[PDB]
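Presented as structure tokens, the chain that follows is alone, the form deposited in one PDB entry.
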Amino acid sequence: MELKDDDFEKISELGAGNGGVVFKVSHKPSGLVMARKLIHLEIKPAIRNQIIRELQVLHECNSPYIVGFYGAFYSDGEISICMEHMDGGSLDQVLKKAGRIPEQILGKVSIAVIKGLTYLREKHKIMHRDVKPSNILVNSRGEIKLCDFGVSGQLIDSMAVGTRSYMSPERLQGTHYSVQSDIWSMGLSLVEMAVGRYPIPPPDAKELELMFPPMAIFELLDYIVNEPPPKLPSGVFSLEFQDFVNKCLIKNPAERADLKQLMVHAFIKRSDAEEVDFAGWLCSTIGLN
């Protein structure tokens, strides 16, 4: 069934930021609750038909690790992308309430993220381009899924920041980057979730022991590309986790790990085996179940 603007009705607001805003909605004809994302774009039909035309591949994106897609349409100065409502929200949201996310949980998250990238890469030849806690969604059935990835070339164009960059050093510096760039973002996202705050600049001995101001725009990006990458603090995280992110956070794209290698790395295999109630931990920490 085709989605239309008038067939919907706002329930509430799930958050926004920079385009760029998302409602919990009701699709009257079907009964389903959906997440509707609105992207404002002043642009000529010609293109904003292409965009819509390029978003249709999302119908073909089926994976337990990819947020489900229902349809996209254009409606007075806004293109709308409708997706599965994930009632757990985004990892950036759960991190606030959680203070920190435990190593075992991030292990399950890492497995999800890696299987998603891999799926998008092998079956569709696409890089995510914007991996970070807020583009990782979770639900009460314990599922972990990626959204907001780079399906639309024309949309990639018609968009191209902030105060916190998850962009790899290479991508920050020039046109010479690609899929390996997603690994860096994942690395940084995990060190963030493991530690409770954006890991750059790294915490000093003082803050370190306490846990266990803003930076200027150039100050930040200059650090990322010219200083050593962040590390998981030692002692309080398995040595396997530490090696995993370290393999992720290597400044040189070709030296950095890729999906193949990360898929068979100690921390994955160990996390793969482990028995955890993510659904349980999630609702426990955010009050839902």
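Numbering starts at 1 and follows the sequence shown. Throughout, rigid core stands for the largest set of C-alpha atoms superposing within 1.5 Å between the two forms.
- In the deposited sequence, the stretch from residue 212 to residue 213 hides 10 or more residues that have no coordinates.
- Per the record, residue 205 and residue 206 follow each other directly, and no deposited residue is missing between them.
- According to the PDB record, 197 to 205 carries the higher mean C-alpha B-factor of the two stretches 197 to 205 and 120 to 128.
- Higher mean CA temperature factor between 2 to 10 and 279 to 287: 279 to 287, per the PDB entry.
- You'll see in the entry that, of 67, 254, 236, 33, the Cα B factor peaks at 236.
- Across 186, 86, 159, 151, the greatest Cα temperature factor reported in the deposited entry is at 159.
- For residue 219, the recorded CA B-factor ranks within the middle third of the chain. Only modelled residues enter the ranking.
- The PDB entry assigns residue 59 a C-alpha temperature factor belonging to the middle third of its chain's modelled residues.
- Among all modelled residues in this chain, the alpha-carbon of residue 26 has a temperature factor (C-alpha) in the lowest third.
- In this PDB entry, the Cα temperature factor of residue 171 sits in the bottom third of its chain's modelled residues, the lowest group.
- For residue 155, the recorded CA temperature factor ranks within the middle third of the chain's modelled residues.
Below, we turn to the form deposited in another entry, even though it does not appear here.
- For the residue set 167, 101, 200, 114, core-aligned C-alpha shifts between the shown form and the other one reach 2 angstroms or more at a single site, 167.
- Residue 91 is not among the residues whose C-alpha shifts by 2 Å or more between the shown form and the other one once the rigid core is aligned; its shift stays under 2 Å.
- Superposed on the core, the two forms barely differ at residue 140: its CA moves less than 2 Å between the shown form and the other one.
- Once the rigid core is overlaid between the shown form and the other one, residue 231 does not reach a Cα shift of 2 Å, moving by less than that.
- Compared with the form shown here, the Cα atoms of residue 171 and residue 192 move at least 3 Å farther apart in the other form.
- Between residue 81 and residue 60, the C-alpha separation shrinks by 3 Å or more in the other form, relative to the conformation displayed.
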